[PDB]
Amino acid sequence: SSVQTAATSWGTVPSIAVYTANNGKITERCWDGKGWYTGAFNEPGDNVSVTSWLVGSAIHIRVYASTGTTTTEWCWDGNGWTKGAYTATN
Amino acid sequence: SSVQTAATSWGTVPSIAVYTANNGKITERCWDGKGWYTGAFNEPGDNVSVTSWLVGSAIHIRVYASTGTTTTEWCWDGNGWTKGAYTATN
Amino acid sequence: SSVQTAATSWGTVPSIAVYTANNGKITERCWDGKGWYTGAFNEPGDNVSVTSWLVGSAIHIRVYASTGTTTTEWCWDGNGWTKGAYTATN
Ligand SMILES: [Mg+2]
Ligand SMILES: [Mg+2]
Ligand SMILES: [Mg+2]
């Protein structure tokens with residue numbers, strides 16, 4: 001048993017975000033070209049995936065957090081995290 | 001035990017595809033800027049990864065589906081899924 | 001129990017790299033538009049994630065290799081792999 005990670009990168013820098021699922025929680029570490037710091041994201045999950053896109057002045061990040069058969073989408077859109085509309089089936 | 005996901009995004013929209021391995025099968029959910037729908041992809045796997053690239057009028061998606069020690073590549077190239085040439089070793 | 005993969009793609013080609021964790025080791029397979037070959041990367045891990053970015057003449061790849069609660073970042077920057085500064089917490 002090992003922790004599970006997901007990574008994304010963006011920008012003219014570039015910047016990196018790494019999400020780690022451990023002990024039922026996903027946390028976030030971010031690289032800005034100088035150092036790693038802990039991001040604001042902290043939500044439940046045992047498995048994580050991520051994707052992102054940069055448009056305008058905002059990175060948009062989507063984190064898919066799964067526990068059991070429930071996957072929750074978390075959305076960063078420039079200045080905050082909110083729960084997304086993702087569902088695994090209709 | 002939790003389901004396992006992989007996510008990719010593309011386009012001036014953007015669009016998102018999320019692949020989920022559950023019960024030995026990988027299925028696909030897609031976002032088009034308005035809603036989530038179920039994609040055509042349905043192949044066996046217990047672990048999944050994905051990458052994609054947009055060139056021309058087609059998103060090209062590569063899904064790596066693993067069961068045991070066998071990983072199968074599935075290729076979307078604009079208008080259909082086909083098995084790729086990927087092998088894990090020579 | 002299945003092997004675990006992570007995939008990234010880049011370039012005007014494009015090229016693909018697929019990393020597989022199996023038996024405690026991560027290995028690398030690469031596609032150049034013609035065939036799959038085995039990459040140089042070979043480091044311990046039970047879980048893997050990846051991201052990459054292309055700037056200049058070099059693909060830059062970051063591989064996050066986890067065993068237990070330890071995640072090690074491996075950095076490709078055009079012509080070699082080195083251990084990165086990533087840590088999971090301060
Ligand atoms: Mg992704
Ligand atoms: Mg990927
Ligand atoms: Mg990634």
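Letters A, B, ... mirror the listed sequences (proteins, then strands); counts begin at 1. What's counted below: heavy atoms across the whole structure, side chains too, no hydrogens, waters or symmetry copies. Read the numbers this way: they start at 1 and go in the same order the structure lists the ligands and their atoms.
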Would you mind counting protein N, O or S atoms that sit less than 2.8 Å from the Mg ion (ligand 1)? 2
Looking only at atom types and distance, does a side-chain atom of B:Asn90 sit under 3.5 Å from a main-chain N or O of C:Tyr37, one as donor and one as acceptor? no
Distance-only, no hydrogens or angles: does the B:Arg29 side chain make a donor-acceptor pair with backbone N or O of A:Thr87 under 3.5 Å? yes
Could you check whether the rings of C:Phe41 and C:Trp74 sit parallel, tilted or perpendicular, using 30° and 60° as the cut-offs? perpendicular
Salt bridge (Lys or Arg N to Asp or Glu O under 4.0 Å), that's the test. Do B:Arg62 and B:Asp77 meet it? Break it down for me. CA-CA 9 Å; B:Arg62 300 294 181 269; B:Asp77 294 290; 2.8 Å; yes
I'd like to know whether B:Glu73 forms a side chain to side chain contact (heavy atoms under 4.5 Å, CB included) with C:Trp31, so could you lay out the CA-CA distance, the side-chain angles of the two residues, the decisive distance to 0.1 Å, and finally the verdict. CA-CA 12 Å; B:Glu73 178 190 43; C:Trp31 170 260; over 6 Å; no
Shortest non-hydrogen contact from C:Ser52 to C:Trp10? OG-CE3, 4.3 Å
